[PDB]
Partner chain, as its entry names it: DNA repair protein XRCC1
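Just one chain is shown here, as structure tokens, and it is the form solved without the partner chain.
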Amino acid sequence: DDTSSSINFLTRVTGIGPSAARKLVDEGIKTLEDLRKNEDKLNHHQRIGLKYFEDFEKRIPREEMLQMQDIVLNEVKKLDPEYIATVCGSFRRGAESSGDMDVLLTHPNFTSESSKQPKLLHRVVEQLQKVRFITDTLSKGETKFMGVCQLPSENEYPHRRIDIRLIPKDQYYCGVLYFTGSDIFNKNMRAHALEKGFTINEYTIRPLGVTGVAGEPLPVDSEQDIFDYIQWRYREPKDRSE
């Protein structure tokens, strides 16, 4: 019946999760328009997603995606060149079009020992915002920022999603890998590694042992070393389809 159809539409709104989509229905909030007239029932997120519904639905061609990546890469560089920033996802893998952006970021100042340096992220979030790259914010945490951005014009672009994550320098690589994917490639790689006596996750690559209950994180300073640990020729990102 023409209502299940409603819950579904809700969830189409970033922010609006299921349990959240339901209560909204209970207020009779079902359509797009039912939302619009009711910004008060929604969080900043949900409101933002809704503001951007339409654009959020479109995809990013790499022509754009790249120009985006230029901007992120360049700005972090001027705040502090000790900032490593890899925009990952399918995109990295040559994908012709992308859903969202996701910048992975690190700084040697930050390791899995400090954990308390949101300014590290913030500073860029703020930086990105003064340029009018990031144009809205969904949810800005200490280690991760969900927001919205948009390329500049001279006369326009949709608002893409953008995620920036802060990762320790001692775990960046593993994560650069992991958010690189594809989901399959990770499975297989994670699958291969297991055989050599290793366990790779999004943070580390640990050596296994007897009864599995084991690990103690090998140093990683490039994605390359991951591969070396498990001796597989490094497959460039483009060759990680499976």
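So that the term is clear: the rigid core is the largest set of C-alpha atoms that superpose within 1.5 Å between two forms. Numbering follows the first chain given and starts at 1.
Root mean square Cα distance to the shown form, taken over structures and residues in 7 other deposited structures of this protein after a core fit, is higher for 113-121 when 100-108 and 113-121 are compared. Fitting each structure in 7 other deposited structures of this protein onto the rigid core and averaging C-alpha distances over structures and residues, 205-213 emerges as the more displaced of 180-188 and 205-213. In this entry, residue 155 is separated from residue 156 by 1 to 3 residues of the deposited sequence that have no coordinates. As recorded in the PDB entry, 32-40 is the stretch of 32-40 and 51-59 with the greater mean C-alpha temperature factor. Look at the mean CA B-factor for 215-223 and for 21-29 in the entry; the higher one is 21-29. Sorting 196, 187, 45, 206 by the CA temperature factor given in the entry leaves 196 at the top.
Ranked by Cα temperature factor within the chain, residue 82 sits in the middle third according to the deposited record.
Among the modelled residues of the chain, residue 68 sits in the lowest third by CA temperature factor in this PDB entry. Residue 113 sits in the highest third of its chain by CA B factor, as recorded in the PDB entry.
Residue 159: CA B factor in the lowest third of modelled residues in this chain (values from the PDB entry). Ranked by Cα temperature factor within the chain, residue 90 sits in the highest third according to the deposited record.
Keep in mind that the form solved in complex with the partner chain is missing from the display, and what follows is about it.
Judged by heavy atoms within 4.5 Å of the partner chain in the deposited complex, the contact stretch among the candidates 60-68, 169-177, 30-38, 201-209 is 201-209. In the deposited complex, the partner chain lies farther than 4.5 Å from every heavy atom of residue 181. Of the heavy atoms in residue 54, none are within 4.5 Å of the partner chain in the deposited complex. Looking at residue 213, you'd find a heavy atom of it within 4.5 angstroms of the partner chain in the deposited complex. Among heavy atoms of residue 222, none comes within 4.5 Å of the partner chain in the deposited complex.
Residues 79, 126 and 129 are none of them found to lie within 4.5 Å of the partner chain in the deposited complex, as judged by heavy atom distances.
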